[PDB]
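Here is what each chain is made of, one letter per residue.
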Amino acid sequence: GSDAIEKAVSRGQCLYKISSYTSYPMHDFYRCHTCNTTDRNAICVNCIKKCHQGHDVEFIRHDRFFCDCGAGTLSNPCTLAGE
Ligand SMILES: [Zn+2]
Ligand SMILES: [Zn+2]
Ligand SMILES: [Zn+2]
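Notes on the structure follow.

So, how was this worked out
- Residues numbered from 1 in each chain as written, not as in the entry; some residues may be left out.
- Chains lettered and ligands numbered in written order.
- Heavy atoms only, no water.
- Helix = DSSP H or I, 4+ residues; strand = E, 2+ residues; numbered from the N terminus.
- Polar contact = N/O pair within 3.5 Å; in protein donor to acceptor, adjacent residues only side chain to side chain.
- Contact = heavy atoms within 4.5 Å.
- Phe/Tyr/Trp six-rings, centres within 6.5 Å; stacked < 30°, edge-to-face > 60°.
- Donors = N, O, S within 2.8 Å, 3.2 Å for Na, K, Ca; no water.
- Tetrahedral: all angles 85-135°; square planar, octahedral: opposite > 155°, others 65-115°.

**Quick look at the side chain of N41**
- Tracing the sequence through the fold places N41 in the loop between β1 (26–32) and β2 (43–44).
- Within polar-contact distance, the side chain of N41 engages the backbone nitrogen of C32 at 2.9 Å.
- What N41 contacts, discounting residues up to four positions off in sequence, is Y30, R31, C32, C35, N36, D68 and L74.

What follows is the structure in structure tokens.
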């Protein structure tokens, strides 16, 4: 496919800013067990490194997802969405 997702990741931004909740772009996604209000959350790599620094996190797989951190559905607010 195109490099558009990889480029967005390289810019350091959250992938929700290009996926919203209506598309499922393909990239690496992670899970945060510390912020588990939603049970099987999927979090983009920039959010896991910044919004979940020091949290209990795991890489899950490279597959289609939209970022639950940027969507605003986790216990904590996304630090890549406007602070
Ligand atoms: Zn994100
Ligand atoms: Zn977390
Ligand atoms: Zn985030």
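**Topic: the packing of aromatic side chains**
- All chains considered together, the criterion is met by four aromatic pairs.
- Ring centres 5.6 Å apart and planes at 35° place the aromatic pair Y24 and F66 in the tilted group. Taken as a pair, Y24 in the loop between α2 (16–19) and β1 and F66 in the loop between β3 (57–64) and α4 (68–71) lie far apart in primary sequence, 42 residues in all.
- Ring-pair connections join several aromatic residues into one group, and the members of that group are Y16, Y24 and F66.

**A short note on the coordination of the zinc ion (ligand 1)**
- For the zinc ion (ligand 1), the protein coordination sphere consists of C14 (SG), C44 (SG), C47 (SG) and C67 (SG), at 2.3 to 2.4 Å.
- Taken together, the four donor atoms coordinating the zinc ion (ligand 1) and their angles of 101 to 117° define a geometry best described as tetrahedral.
- Read in sequence order, the donor residues for the zinc ion (ligand 1) give the motif C-x29-C-x2-C-x19-C.
- Between the two metal centres, the zinc ion (ligand 1) and the zinc ion (ligand 3), the spacing is 4.4 Å, with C47 acting as a shared donor. Of this pair, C14 sits in the loop between α1 (4–10) and α2 while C44 is found in strand β2, placing the two residues 30 residues apart along the sequence.

Honestly, it's all geometry; don't read function into it.
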